[PDB]
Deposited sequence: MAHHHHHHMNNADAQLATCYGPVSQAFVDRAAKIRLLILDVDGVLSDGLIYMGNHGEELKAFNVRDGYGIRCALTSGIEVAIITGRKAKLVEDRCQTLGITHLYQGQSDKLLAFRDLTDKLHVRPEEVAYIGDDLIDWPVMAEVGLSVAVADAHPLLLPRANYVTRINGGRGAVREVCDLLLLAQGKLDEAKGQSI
């Protein structure tokens, strides 16, 4: 049924594997998923964010492996924004994965075939996602999902 398949990130269920093997669009939040969740503001009007290098490679593998990559506000940049893309790309909801970190992402993660919460996501989001990563946001959590998707699709 839905027992454990070993990965280098720890075991996953067959349910998760059957979910990830249908995925063709990966939707990613910025703050708390690709970034540490911090915005580095300065007195001189600066605003910085920190993104992880291992993530950008994970995104490139997925992109060249046939997984589109969208950054909810190169790749393609609430409830309705998700619907505009899936129609614009003609992708079915079962075929979408979503990585978020805040409770304000739940209405979209409720429609996607594979909802993902980063390890240090908002506590109220963790029981809702199909999968909770082992890596924190901005620390390679997106790479973790990217690797698991390619594994589930026999591409890695």
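Trainee: Since the structure holds only modelled residues, which stretches of the deposited sequence does it leave out?
Mentor: No C-alpha for residues 1-11, 85-99, 104-109, 189-196.
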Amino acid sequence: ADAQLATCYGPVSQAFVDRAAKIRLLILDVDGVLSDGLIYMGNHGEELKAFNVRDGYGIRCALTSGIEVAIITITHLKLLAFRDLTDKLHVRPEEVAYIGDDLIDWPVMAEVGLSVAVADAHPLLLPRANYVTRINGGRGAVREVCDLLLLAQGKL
From here on, numbers count along this sequence of modelled residues.
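Trainee: According to the deposited model, is the average Cα temperature factor higher in 86-94 or in 26-34?
Mentor: On average, C-alpha B-factors are higher across 86-94.
Trainee: What stretch has the higher average Cα B-factor here, 54-62 or 40-48?
Mentor: For C-alpha atoms only, the mean B-factor is higher in 40-48.
Trainee: Among the modelled residues of this chain, does the Cα B factor of residue 149 put it in the lowest, middle or highest third?
Mentor: According to the entry, residue 149 has a C-alpha B-factor in the chain's lowest third.
Trainee: Which third, lowest, middle or highest, does the C-alpha temperature factor of residue 119 belong to within its own chain?
Mentor: For residue 119, the deposited C-alpha B-factor lands in the lowest third.
Trainee: In terms of the CA temperature factor given in the entry, to which third of its chain does residue 113 belong: lowest, middle or highest?
Mentor: For residue 113, the deposited C-alpha B-factor lands in the middle third.
Trainee: With respect to C-alpha B-factor, does residue 70 fall in the lowest, middle or highest third of the chain as deposited?
Mentor: Highest third of the chain for residue 70's C-alpha B-factor.
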